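Before any comments, here is the structure.
Number of protein chains: 2
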Amino acid sequence: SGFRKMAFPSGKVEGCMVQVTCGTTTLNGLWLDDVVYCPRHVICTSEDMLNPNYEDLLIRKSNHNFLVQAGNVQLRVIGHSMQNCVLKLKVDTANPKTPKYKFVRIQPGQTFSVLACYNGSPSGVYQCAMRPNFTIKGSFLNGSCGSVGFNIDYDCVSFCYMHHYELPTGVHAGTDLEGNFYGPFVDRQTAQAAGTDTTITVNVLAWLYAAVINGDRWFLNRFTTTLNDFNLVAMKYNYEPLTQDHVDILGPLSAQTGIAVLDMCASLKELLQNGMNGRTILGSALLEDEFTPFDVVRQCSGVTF
Amino acid sequence: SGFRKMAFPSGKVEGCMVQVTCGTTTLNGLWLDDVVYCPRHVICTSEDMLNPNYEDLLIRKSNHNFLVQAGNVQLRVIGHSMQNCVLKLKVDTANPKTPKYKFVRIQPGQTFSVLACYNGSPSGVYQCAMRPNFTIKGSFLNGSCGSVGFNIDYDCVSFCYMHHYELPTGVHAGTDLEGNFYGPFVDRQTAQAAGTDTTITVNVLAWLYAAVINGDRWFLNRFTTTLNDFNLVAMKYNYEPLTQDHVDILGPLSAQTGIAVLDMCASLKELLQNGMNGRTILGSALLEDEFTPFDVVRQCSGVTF
Ligand SMILES: *C(=N)[C@H](C[C@@H]1CCNC1=O)NC(=O)[C@@H]1[C@@H]2[C@H](CN1C(=O)[C@@H](NC(=O)C(F)(F)F)C(C)(C)C)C2(C)C
Ligand SMILES: *C(=N)[C@H](C[C@@H]1CCNC1=O)NC(=O)[C@@H]1[C@@H]2[C@H](CN1C(=O)[C@@H](NC(=O)C(F)(F)F)C(C)(C)C)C2(C)C
Numbered sequence: 001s002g003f004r005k006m007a008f009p010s011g012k013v014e015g016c017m018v019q020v021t022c023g024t025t026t027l028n029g030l031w032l033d034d035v036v037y038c039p040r041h042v043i044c045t046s047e048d049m050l051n052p053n054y055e056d057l058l059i060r061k062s063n064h065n066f067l068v069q070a071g072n073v074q075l076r077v078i079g080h081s082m083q084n085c086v087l088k089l090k091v092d093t094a095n096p097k098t099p100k101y102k103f104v105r106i107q108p109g110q111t112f113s114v115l116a117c118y119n120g121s122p123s124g125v126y127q128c129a130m131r132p133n134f135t136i137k138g139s140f141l142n143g144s145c146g147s148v149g150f151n152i153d154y155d156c157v158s159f160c161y162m163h164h165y166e167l168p169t170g171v172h173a174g175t176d177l178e179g180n181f182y183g184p185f186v187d188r189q190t191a192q193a194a195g196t197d198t199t200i201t202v203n204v205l206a207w208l209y210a211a212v213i214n215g216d217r218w219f220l221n222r223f224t225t226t227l228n229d230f231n232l233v234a235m236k237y238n239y240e241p242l243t244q245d246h247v248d249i250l251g252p253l254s255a256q257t258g259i260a261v262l263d264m265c266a267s268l269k270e271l272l273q274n275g276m277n278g279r280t281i282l283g284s285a286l287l288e289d290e291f292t293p294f295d296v297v298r299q300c301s302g303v304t305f
Numbered sequence: 001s002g003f004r005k006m007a008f009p010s011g012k013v014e015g016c017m018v019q020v021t022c023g024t025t026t027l028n029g030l031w032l033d034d035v036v037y038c039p040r041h042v043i044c045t046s047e048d049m050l051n052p053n054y055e056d057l058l059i060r061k062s063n064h065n066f067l068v069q070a071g072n073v074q075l076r077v078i079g080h081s082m083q084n085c086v087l088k089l090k091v092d093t094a095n096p097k098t099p100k101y102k103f104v105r106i107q108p109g110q111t112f113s114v115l116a117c118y119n120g121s122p123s124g125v126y127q128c129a130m131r132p133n134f135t136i137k138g139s140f141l142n143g144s145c146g147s148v149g150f151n152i153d154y155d156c157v158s159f160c161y162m163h164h165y166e167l168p169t170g171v172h173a174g175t176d177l178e179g180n181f182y183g184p185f186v187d188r189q190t191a192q193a194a195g196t197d198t199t200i201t202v203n204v205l206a207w208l209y210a211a212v213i214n215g216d217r218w219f220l221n222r223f224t225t226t227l228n229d230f231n232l233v234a235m236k237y238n239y240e241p242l243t244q245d246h247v248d249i250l251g252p253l254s255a256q257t258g259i260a261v262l263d264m265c266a267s268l269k270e271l272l273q274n275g276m277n278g279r280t281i282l283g284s285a286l287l288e289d290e291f292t293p294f295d296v297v298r299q300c301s302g303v304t305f
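As given, the protein sequences belong to chains B and A, one line each in that order.
If you read the first sequence in the entry's author numbering, its first letter stands for residue 1, the second for the next number, and so on.
If you read the second sequence in the entry's author numbering, its first letter stands for residue 1, the second for the next number, and so on.
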């Protein structure tokens, strides 16, 4: 029993983390094979960041300007290129701790573990969701950029996120490992708006299923509803519309618990319309949308790596 | 910015995790130097667990009965002893990934990272608090026993917890690494009561400090109060009394924010007496007591390892 916000083991990823210094600026890099990936804004001074010309800034840099450190050991940079908002620094050494990995672009509503790092050293691990507006609600300070988000499939690390930017609202934006931002964001120190955010409806239902599994069943009603009837209510309370693809994804949880997806939608309707009456669900006084169906199955049946 | 439930990096600990099988029963062991630590109830069949005589059960066991596996590799057990509720299995090999470590007995209210494992393989990481009643609110299934809780100080792992037991209420109990339970618990399959739990008052204040740092300040009043005046209210709402040792521990957070500890106590009094009125603090609709002062400083100023 129990249900927590649980990150992947970070070991495989801790071994890829390096420090990248250019002039005065230091942040984190990801060392895979003979290549180090970091945010391109490492080349900036503080004045450049207000409106940088990254091409012109990079032109004024050679390989010896890039100090890459892995623990106490320096790596010799033998090449450099800019791919979108990331820098690829070729080094003379393949990382001997390179795990099996891939680069993926994650869809909104999916989750990942963040290994938050400073000076190329790991500080902490937590789980995030990519929000419908392509922000994340992270925990990041000066020096955190280059920190990555990832998923693990048995022994294969899917890197999906690298950290670049904190919005005025204190939420976060970054890129995939090819340097393409998630959302409308750019790497310049200026106030930038995120969308109106929505609630990830499929995740909420997954978490209701996690609650039932763990015995919290007070919210289960006898009533039912349609897909259409539910979505009309969902629109009202700023929830993602529920698709059939979503219903089918919730199938494992439906199957395990013996509560149809549409009956669970019935429960959520009542919850939205009546509130919680000061009661809790899995220790939460509000409705959590940062667990995928797979996160719930993984945790409530104990998938390992 | 941002503030999340953040565990230590788990790499150092992932390297110490092994699988221990006795007869039919399999759980996790902790492999440090030439010694493997696991819960003693690995020697039990399902019938024994209702009321085990651990001494008599262990007597009928020799070294070859203990299958210890580290990945695909078997370790030859050359000795065995029972220390309280843990089994120490001497093996022929020192773990080459043994980190600097210590064993500590943690105080109620303190936090730690759990690396939840099955079949000696890591599944995930989360943070827990030791509750005043010596239970933890974990996420644990069949096979999770042997999973450990730990803290990290630069490069030194303090192991403080090993998992044994889930109460009827779905919370959890276990031992230190010398096999002494936290709380009144025993390793037998019988319903066991935990204390009335209390709220860890020092942690709540630490988390209010985390909120202010992050810009949640709506709950700040310009009142202050005495220590005694606060404690009177605290007793009422089932909060731990606040001591001067507690005030002194909050000194760094007081210092960082420039809000006196007793002015913050003023805010918490009003919060307890009025409730939150549907408002949130760091995304939470209730008051969180599972962050220590050190956890807040670690996160809101970026301590690494
Ligand atoms: C990477 N090390 C940081 C991550 C930041 C630091 C504070 N918390 C974080 O998550 N990246 C940056 O500092 C980037 C960097 C210049 C400005 N920047 C920002 O994140 C800034 N944001 C904005 O300008 C704002 F608020 F308007 F959106 C900052 C004020 C420093 C938080 C560049 C090149 C974009
Ligand atoms: C270790 N592998 C498990 C951890 C459990 C399994 C489900 N969730 C957990 O955290 N340990 C056990 O199964 C221990 C073990 C026998 C029984 N036991 C229990 O935790 C049981 N609890 C009780 O008897 C209860 F609820 F009354 F307190 C169980 C019902 C299986 C959850 C021994 C030797 C104590």
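C-beta atoms are modelled at their ideal positions from N, C-alpha and C, and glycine is treated no differently.
Does DSSP classify residue i as helix, strand or coil?
| i | result |
| --- | --- |
| B:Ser10 | coil |
| B:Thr45 | coil |
| A:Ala234 | helix |
| A:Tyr209 | helix |
| B:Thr243 | coil |
| B:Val171 | coil |
| residue 318 of chain A | Absent from the model: residue 318 of chain A. The displayed extent of chain A is 1 to 305, so no value can be given. |
| A:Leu32 | strand |
| A:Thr21 | strand |
| A:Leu286 | coil |
| A:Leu67 | strand |
| A:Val202 | helix |
| A:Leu177 | coil |
The alpha helix (DSSP H) that contains residue i, what's its start and end?
| i | result |
| --- | --- |
| A:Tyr54 | 54-59 |
| B:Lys269 | 261-274 |
| A:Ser254 | 251-257 |
| A:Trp218 | Segment: none, A:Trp218 is in no alpha helix (DSSP H) and carries neither H nor E. |
| B:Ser301 | 293-301 |
Considering residue i, what are the terminal residues of the beta strand (DSSP E) in which it resides?
| i | result |
| --- | --- |
| B:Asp153 | 148-153 |
| A:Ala129 | 121-129 |
| A:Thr280 | Run containing A:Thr280: none; DSSP gives neither H nor E here. |
| B:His164 | 156-166 |
| A:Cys38 | 35-39 |
| A:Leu141 | Careful: A:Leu141 lies outside any beta strand (DSSP E) and carries neither H nor E. |
| B:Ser81 | 77-83 |
| A:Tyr101 | 100-103 |
| A:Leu87 | 86-91 |
So does residue i have its beta carbon nearer than 7 Å to some heavy atom of ligand 1?
| i | result |
| --- | --- |
| B:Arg188 | yes |
| B:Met49 | yes |
| B:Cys145 | yes |
| B:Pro122 | no |
| B:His172 | yes |
| A:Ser1 | yes |
| A:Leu268 | no |
| A:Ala94 | no |
How about residue i: is its Cβ closer than 7 Å to a heavy atom in ligand 2?
| i | result |
| --- | --- |
| A:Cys44 | yes |
| A:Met130 | no |
| A:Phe140 | yes |
| A:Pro184 | no |
| B:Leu282 | no |
| B:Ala7 | no |
| A:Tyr165 | yes |
Quick one: any contact between the stretch 44-57 of chain B and the stretch 69-78 of chain B, if contact means 3 or more CB pairs under 8 Å? The way I'd put it, the stretch 44-57 of chain B doesn't touch the stretch 69-78 of chain B; fewer than three beta-carbon pairs between them come closer than 8 Å.
Answer yes if the stretch 74-90 of chain A comes into contact with the stretch 113-125 of chain A, meaning at least three C-beta pairs across the two stretches below 8 Å, and no otherwise. At 8 Å Cβ cutoff, the stretches do not touch.
Closer than 8 Å is the cut-off here; do at least three beta carbon pairs connect the stretch 174-187 of chain B with the stretch 267-283 of chain B? Segment contact: the stretch 174-187 of chain B against the stretch 267-283 of chain B, fewer than three CB-CB distances shorter than 8 Å; contact not assigned.
Quick check: the stretch 87-102 of chain B against the stretch 116-135 of chain B, are at least 3 beta-carbon pairs closer than 8 Å? By the Cβ criterion, the stretch 116-135 of chain B is not in contact with the stretch 87-102 of chain B, since fewer than three pairs of Cβ atoms, one from each stretch, lie closer than 8 Å.
Should the stretch 3-13 of chain A be regarded as contacting the stretch 4-17 of chain B, the criterion being three or more beta carbon pairs within less than 8 Å? Inter-segment contact for the stretch 3-13 of chain A and the stretch 4-17 of chain B is present: three or more beta-carbon pairs are separated by less than 8 Å.
For the stretch 152-170 of chain B against the stretch 29-45 of chain A, do three or more pairs of beta-carbon atoms, one drawn from each stretch, fall closer than 8 Å, so that the two count as touching? Judged by Cβ distances under 8 Å, the stretch 152-170 of chain B makes no contact with the stretch 29-45 of chain A, as fewer than three pairs qualify.
Should the stretch 192-207 of chain A be regarded as contacting the stretch 289-299 of chain A, the criterion being three or more beta carbon pairs within less than 8 Å? Contact between the stretch 192-207 of chain A and the stretch 289-299 of chain A is present, because at least three Cβ pairs lie under 8 Å.
Check whether the stretch 253-265 of chain A touches the stretch 209-221 of chain A, counting contact only when three or more Cβ pairs, one atom from each stretch, lie closer than 8 Å. Result yes; three or more Cβ-Cβ pairs closer than 8 Å.
Would you check if the stretch 221-241 of chain B and the stretch 189-200 of chain B touch, i.e. whether three or more CB-CB distances between them fall below 8 Å? Contact between the stretch 189-200 of chain B and the stretch 221-241 of chain B is present, because at least three Cβ pairs lie under 8 Å.
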